[PDB]
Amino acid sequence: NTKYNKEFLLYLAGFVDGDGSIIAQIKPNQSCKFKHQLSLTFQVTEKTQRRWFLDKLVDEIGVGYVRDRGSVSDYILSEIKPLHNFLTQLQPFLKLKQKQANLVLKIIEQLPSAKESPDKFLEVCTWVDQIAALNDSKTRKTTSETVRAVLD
């Protein structure tokens, strides 16, 4: 559980507000109690020629990984605990995505309790709804609404 340099966060908050994305997704999964797993993601996207910058982030944030997908690459961070540690420290420097960041933290803290009450699950699935709402969401298919089909 590491604490990052302040100037590092200021710069990164800016980069994230630029080419980054704080994502929340309701992933349909047929093994989970409620037929869906919650998934959280901090990601930065850059043309593959600039893959080194992303590779560097791995080192600096000290967790996460970089993958390839064509002419573009991504730094990806989904591990729930390191993700909370990171966002908690980045969150106060963000400007275009401060809200989704705090919605993500909020979702993580309310994770265990989301496992019990099927209604507390919905509520948390609401959190993710708000996030896609704030982003420039377009190709979204699985919403908290579809989780309504958790009625049987």
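Each residue number is its position in the shown sequence, starting from 1.
*Asks:* According to the deposited model, is the average Cα temperature factor higher in 100-108 or in 114-122?
*Replies:* Mean CA B-factor is higher for 114-122.
*Asks:* Mean C-alpha B-factor higher for 127-135, or for 5-13?
*Replies:* For C-alpha atoms only, the mean B-factor is higher in 127-135.
*Asks:* Kindly indicate the residue among 26, 66, 63, 32 with the greatest C-alpha B-factor in the PDB record.
*Replies:* The record points to 32.
*Asks:* Using the B-factor values recorded in the entry, state whether the Cα atom of residue 47 falls in the lowest, middle or highest third among the modelled residues of its chain.
*Replies:* Its C-alpha B-factor belongs to the lowest third of this chain's values.
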